[PDB]
């Protein structure tokens, strides 16, 4: 299983992660969704970025193959603690962070609590602002296992539905039912789900204080997080650039892979 990588104790949690490349450290933070893992989210990104940077992609606690502590309390602050714990464990004093969706909210929160540990940021279809819950998001967070339910989620994520094959739905369905996966995921964002969008968000006032060079990326057709949310982040963050990909869904790194990788590498190359 390529989703299983290396293991390290971080913030007291046995963590599954990938570490490829050398040089300036870059932390990739995956999004949320049933069966999501660092490898699943970044498999097409790591090869490109690792040619010029040291790429670290961990499975956030509660997702993938990282340990799921008993009675663990999933929260924005606890996830930030996990990210910092991973960096501490690997002696990464400062790094760029790429946050995808849920991970984008965590990236913002990490940059606010640990400004000196974060260099440049890339936020993709990111959580971080209090947007109104979408049917797409309620479907993703409210997922229960079945190939048809997964097919619907993949349709929600994709702009080009031709990419949603029976094989892909089957594979992601299987990932979603691995031991303990659905149990932890379903416990994370219970109804009403607006509460969790809000909890993952940072205040306008706080976001405005971010000094980091930031690259905001969003798929025009994103059905999970409205484009308006990234436009808002683009107005709040001072040193920000906003790049909107037309004909692109929620996962920009998958549907606009080459454009995404090029944009991100050049962005980091400036530093």
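Positions refer to the first chain, counted from 1.
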Higher average CA B factor in the deposited record is what I'm after, so tell me if that's 42-50 or 27-35. 42-50
When the Cα temperature factors in the entry are averaged, is it 260-268 or 3-11 that ends up higher? 3-11
Identity of residue with top Cα B-factor, from 76, 172, 120, 82: 76
Which of 213, 235, 222, 59 ranks first by CA B-factor in the deposited coordinates: 235
Among modelled residues of the same chain, the CA temperature factor third for residue 167: highest
Among all modelled residues of this chain, ranked by Cα B factor, put residue 99 in the bottom, middle or top third, i.e. lowest, middle or highest. lowest
For residue 194, the third of its chain into which the C-alpha B factor falls: lowest
The third of the chain into which the C-alpha temperature factor of residue 68 falls is the highest
By the record's CA B-factor, is residue 248 among the lowest, middle or highest third of residues in the chain? lowest
